[PDB]
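S.K.: Opening piece of a complex, kept in its complex position:
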Amino acid sequence: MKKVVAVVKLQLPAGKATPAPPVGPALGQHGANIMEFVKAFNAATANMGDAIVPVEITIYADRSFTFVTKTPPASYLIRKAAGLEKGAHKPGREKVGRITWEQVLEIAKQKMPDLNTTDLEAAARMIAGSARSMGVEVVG
Amino acid sequence: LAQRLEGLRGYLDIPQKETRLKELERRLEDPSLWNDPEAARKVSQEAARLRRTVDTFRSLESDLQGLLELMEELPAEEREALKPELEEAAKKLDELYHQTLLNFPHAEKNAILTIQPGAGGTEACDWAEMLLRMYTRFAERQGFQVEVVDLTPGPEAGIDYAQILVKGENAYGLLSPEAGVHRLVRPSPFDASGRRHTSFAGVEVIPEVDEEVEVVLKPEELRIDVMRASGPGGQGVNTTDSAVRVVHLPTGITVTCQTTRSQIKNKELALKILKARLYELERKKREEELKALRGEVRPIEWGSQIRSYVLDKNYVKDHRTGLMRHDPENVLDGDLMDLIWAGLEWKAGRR
């Protein structure tokens, strides 16, 4: 999130990204290019590792942009702690995963910036609501 | 050796569809196309079909280079530790097969096989009697379930008509290619000299789609009229609007009744007639939409064969693909997977 009247925030793949499948053309519809965010972009994706990369865009109408990289979405960073890939067709009380108490503080060293709280406990009770969205148990 | 042909059966579809995905992925990146609610959706399904054409060409160039370089047939340490790495990556090679089998408009449901004899008379029915148990073991080996809907003998020897219903998941797609006229050439047992003779027999295949029987004509599209009765009677035939005319508006058919002297018994008697004449002209279309929906290969004549079985010189000739198998007495047991594999490539390869 930035400013408005011409911006788009997506969560790119990892490794390759140039075509149109993910969101490739959606940003061209609202103004974009092919030579600015493909190779002269994957400098960060080659470093961030893999999975998903919540990097966004900001249009100016002249190939300029505020390519503010972000931290992997709390939907994926949780598949790392438990293991499952999806989460659950429908959350609730049954789920194919498990996440102990300090299991949610393992990601506290990942998500720390713009969350809102600098500390670890005033920002973990936020992801505990995300542990009732995909489903992932809280071993207690 | 059973891996150089299947890895290439998706290699001819690469440039045919690869150069086509570009003149389609280059229309979405321009918003000027989105002004069409449906023409921008029609372009996004074929663009979404870049999911079976941009995933396979990714997990198919690693199964041809990561296996054909350090594969010694001499028991080693890097060879039997490399077989379980491709044993579920060759058990997965069926994912590229079912994509040319599950694409029929109705290959899921159970199928219906009609094995009818043809040219060759007395012998030709023995042929259909042999092809019947040939398809019987086949659908009993794969695991499917049989229902003999009809079987009927006849005069000398063979079989007159055989109609069977075979179930199981994706059954029609498996017995759809075996739809034609199968020729046989062998020494005639019903002859004194034993001369070499030829026999023809037809095999039809049709899935089990619709089943119910209901035509509730709600009086929503009916235009009933009440004209004054005609003929005998008295003051009452002149003055009472006895005669009635039920008019079927979405069709054009009009039935009339004047048998009785009442209107409520004549419009009801005119519906016991309109329902009848409909029950024949609404089923005549389920017989005319199904007499051109089967196909065309059924002359049974000399020159319309899909596969030839000859036990004289001992071989099987698939006239569609061109193959010549040498085990005829073995194909007559149910081993059909392979010629069905090929008939589902030759058939759905021209469309």
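M.R.: Thanks, I have the structure now. Numbering: from 1, shown residues only, chains lettered A, B, ... in the order given.

S.K.: Now the element after the longest helix along chain B, going C-ward?
M.R.: Criterion DSSP state H: the longest helix present in chain B is helix B:121-141. Past helix B:121-141, heading to the C-terminal end, the next element that is a helix or strand (DSSP states H and E) is strand B:146-152.

S.K.: Residues touching that following strand, excluding its own?
M.R.: Strand B:146-152 is touched from outside by B:112, B:132, B:136, B:139-140, B:159-167, with contacts defined as CB atoms under 8 Å, 6 or more residues apart in numbering or on different chains. (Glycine included, C-beta is placed from N, CA and C.)

S.K.: Closest one of those residues to chain A?
M.R.: residue B:167 (29.0 Å; CB to the nearest CB).

S.K.: backbone phi and psi for the closest residue in space to the closest one that isn't next to it in sequence, please?
M.R.: Computed as CB to CB, 6 or more residues apart in numbering or on different chains, the closest residue to residue B:167 that is not its neighbour in sequence is residue B:110, at 4.1 Å. Phi and psi for residue B:110, reported as degrees, to the nearest 10, are phi -60, psi 150.

S.K.: The following sequence is to be added as RNA strand C:
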RNA sequence: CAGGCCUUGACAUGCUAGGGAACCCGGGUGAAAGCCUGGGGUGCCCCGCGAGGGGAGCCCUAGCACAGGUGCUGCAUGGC
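M.R.: Let me put RNA strand C in with the others:
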């Protein structure tokens, strides 16, 4: 048929290379097959007592031409 293995292959001839050239006797893992591994030591043509190797039976590893088929065709055939 299911399973474990062997591929110059169980056998016939012949070629090429250093092994190796009669040869007999253990151990190990495996159900067995097979793969691994431990020893005595090879008369002989014979310059030559000899260092050596020419050496014929001839066994072992590698390579080539080949071997193998109870797979089909008894209306392709012999013979019975």
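
S.K.: The longest helix of chain B and RNA strand C in contact?
M.R.: No. Counting by CB under 7 Å from any atom of the strand, no contacts exist between helix B:121-141 and RNA strand C, the nearest distance being 13.6 Å.

S.K.: What residues sit buried inside that helix?
M.R.: Judged by neighbour count using 16 or more other CB atoms under 10 Å in any protein chain shown, the buried positions of helix B:121-141 are B:122-132, B:134-136, B:138-139.

S.K.: and it, what other elements does it pack with?
M.R.: Applying 3 or more CB pairs under 8 Å, 6 or more residues apart in numbering or on different chains; DSSP states H and E, one finds that helix B:121-141 contacts strand B:111-117, strand B:146-152, strand B:161-166, strand B:180-187, strand B:196-207.

S.K.: If we look just around RNA strand C, which residues of chain B are in range?
M.R.: Contact residues (CB under 7 Å from any atom of the strand) of chain B with RNA strand C: B:73, B:74, B:75, B:80, B:187, B:195, B:196, B:311, B:312, B:313, B:314, B:326.

S.K.: and the longest helix of chain B, C-alpha only, in PDB?
M.R.: The C-alpha atoms that make up helix B:121-141 are tabulated as PDB, following Å, rounded to 0.1, in the frame of the first residue of the first chain:
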ATOM      1  CA  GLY B 121     -23.500 -66.100 -42.100                       C
ATOM      2  CA  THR B 122     -23.100 -69.200 -40.100                       C
ATOM      3  CA  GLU B 123     -19.400 -68.500 -39.500                       C
ATOM      4  CA  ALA B 124     -19.800 -64.800 -39.000                       C
ATOM      5  CA  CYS B 125     -21.900 -65.300 -35.900                       C
ATOM      6  CA  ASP B 126     -19.200 -67.600 -34.400                       C
ATOM      7  CA  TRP B 127     -17.000 -64.600 -34.900                       C
ATOM      8  CA  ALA B 128     -19.300 -62.300 -32.900                       C
ATOM      9  CA  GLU B 129     -19.500 -65.100 -30.300                       C
ATOM     10  CA  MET B 130     -15.700 -65.000 -30.100                       C
ATOM     11  CA  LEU B 131     -15.400 -61.200 -30.000                       C
ATOM     12  CA  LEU B 132     -18.000 -61.200 -27.200                       C
ATOM     13  CA  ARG B 133     -15.900 -63.200 -24.800                       C
ATOM     14  CA  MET B 134     -12.900 -61.200 -26.000                       C
ATOM     15  CA  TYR B 135     -14.400 -58.000 -24.700                       C
ATOM     16  CA  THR B 136     -15.800 -59.900 -21.700                       C
ATOM     17  CA  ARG B 137     -12.500 -60.900 -20.200                       C
ATOM     18  CA  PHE B 138     -11.100 -57.500 -21.100                       C
ATOM     19  CA  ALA B 139     -13.700 -55.600 -19.000                       C
ATOM     20  CA  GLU B 140     -13.300 -58.300 -16.300                       C
ATOM     21  CA  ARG B 141      -9.500 -57.900 -16.100                       C
END
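
S.K.: Include this sequence as RNA strand D:
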RNA sequence: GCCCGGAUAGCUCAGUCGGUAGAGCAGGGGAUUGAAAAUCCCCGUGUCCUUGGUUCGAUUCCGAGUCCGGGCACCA
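M.R.: The block that follows adds RNA strand D to the chains above:
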């Protein structure tokens, strides 16, 4: 729509005062013939339409419904 009659083996038909279910054809096994048909031996074969009642108990006797075959639907 009223009045009368029926459904019983796969097919066509009989039958009991209520307690016994039968005939012909089909079908299965064997036999003959080189092999078919014909012929000969050996068998099996049913909620007696469904739904209730009386009775000690109903294929049968009454009630209801569904289907079928008929006769009736006139005077103006």
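
S.K.: if we can go back for a sec, which residues touch the longest helix of chain B?
M.R.: Applying CB under 8 Å, 6+ apart, the set of residues contacting helix B:121-141 from outside is B:113, B:115-118, B:120, B:146, B:151, B:154, B:156-160, B:162, B:164, B:166, B:168, B:171, B:175, B:178, B:182, B:184, B:188-190, B:197, B:199-201, B:203, B:331-336.

S.K.: Could you report the neighbour count for the closest residue to residue B:226 other than its chain neighbours?
M.R.: Spatial nearest neighbour of residue B:226, excluding adjacent residues (CB to CB, 6+ apart): residue B:241 at 4.3 Å. Using other CB atoms under 10 Å in any protein chain shown, residue B:241 is surrounded by 11 other residues.

S.K.: OK, contacts around residue B:241?
M.R.: When contacts are counted by CB under 8 Å, 6+ apart, residue B:241 touches B:226, B:227, B:228, B:229, B:263.

S.K.: For chain A, which segments count as strands?
M.R.: Secondary structure of chain A (DSSP state E): strands located at A:7-9, A:56-58.
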